[PDB]
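One protein chain, two forms: both are listed below as structure tokens, the first as structure 1 and the second as structure 2.
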Structure 1
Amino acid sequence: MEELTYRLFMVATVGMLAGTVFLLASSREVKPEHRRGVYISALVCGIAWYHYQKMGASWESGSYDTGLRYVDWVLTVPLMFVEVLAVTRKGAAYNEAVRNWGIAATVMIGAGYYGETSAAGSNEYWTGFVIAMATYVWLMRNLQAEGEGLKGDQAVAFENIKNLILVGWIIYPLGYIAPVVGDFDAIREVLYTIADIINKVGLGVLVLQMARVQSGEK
């Protein structure tokens, strides 16, 4: 398990860089007025690239710092919401949602960090899990409500974005509780890494697809 976890960190590091530069190179494929979300998606992957380089070295040392993962999350999750919410809102509606979801994400990630750095299975560990879970469900329920009236290609493209988040983000609570289901400390790290690649590279790809649709592309 330890070597598999190291190899996955090293592969995910290159994967995040690849996501970054692919998204940048792909921005010419959409109209200028729809490139912003592609650039923000690339920024998300680029921040992750920086942190994954650190995480792989941290894991390789044998004294692993999950604070590298959580600081990556606290910066990148609110950014990922920026372009999700831009599809459905602008102006005052957008500002309020971006702020409120960002605050919620910060509470979720902070509660997770509090719990994960507690003794596994302790009351503190479960407190962090339960607070994070409730905030997570609140976020997902807000997300499900966004874009309900959309029709056509833009509705399909936005539902693909929504469903990637609704399904793909389940991996994180599974990873968090993997160490109490078995001798699986490393499996937590495996699951977080797989989740980040799927969710960050995947969301960038779907935001690019959303921008092609908005560009009038088939």
Structure 2
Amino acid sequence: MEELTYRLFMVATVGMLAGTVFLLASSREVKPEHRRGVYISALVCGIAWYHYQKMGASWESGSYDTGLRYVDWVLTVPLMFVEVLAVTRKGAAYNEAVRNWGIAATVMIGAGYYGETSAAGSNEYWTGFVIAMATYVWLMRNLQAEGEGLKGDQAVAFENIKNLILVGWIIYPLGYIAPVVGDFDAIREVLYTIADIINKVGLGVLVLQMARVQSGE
């Protein structure tokens, strides 16, 4: 439904802003040396807040720009890896992973955009899919490895961060392939919007929880 897609854009706008202000307000409840991930988490929700306002306006206007979603992803998806690295690493090791995982995440979204902006089932579509899927798997394997050697409450807090991404991000590549299986355009927009709220606000809340554990909570 077209009115549903629009209503969900408005629910996402409000959920993203609620997440932004929750995370900024909660940042003071954790120690300064563990705040970086909470701040980056709030920034991700704030960018998505701005983009969901623009998507809702674009939609109601009758000129829905499918590119707004990818501008949001190319910014927020690398930052989401960064907000996780901000609680698992510091110093040189953090900067190294921010560069390496951040570039990988940008390539994944860029390959997706290359494929999305072609005829469905076209060669460009499949090139995009394979390069983005390969980078996705590479990132999910890096995330699995990031947990190795963690202990006690930090191992449990990291498991939750890792599994939100592992389970919660499957919908994105699933949605991409859907249109070659049939007509799933309207449902894909709805499911991506719900997924974005859960993934972005949920990951920020779990990064906050890791930062609380690390602060001695």
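Residue 1 is the first residue of structure 1, and the numbers go on in sequence order from there. In this text, the rigid core denotes the largest set of C-alpha atoms whose superposition between the two forms falls within 1.5 Å.
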### Displaced residue between structure 1 and structure 2, judged on C-alpha after the rigid core is fitted, out of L164, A157, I177, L43 (threshold 2 Å or more)
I177
### Task
Taking the rigid core as the superposition reference, indicate whether the CA of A86 shifts 2 angstroms or more between structure 1 and structure 2.
yes
#### Entry: Following rigid core superposition, Cα shift of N123 between structure 1 and structure 2 in Å
2.3
### Summary
Aligning on the rigid core, one finds that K54 shifts at its CA between structure 1 and structure 2, in Å, by 0.4
### Task
Let me know the CA shift of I103 between structure 1 and structure 2 in Å, rounded to one decimal, core fitted.
1.1
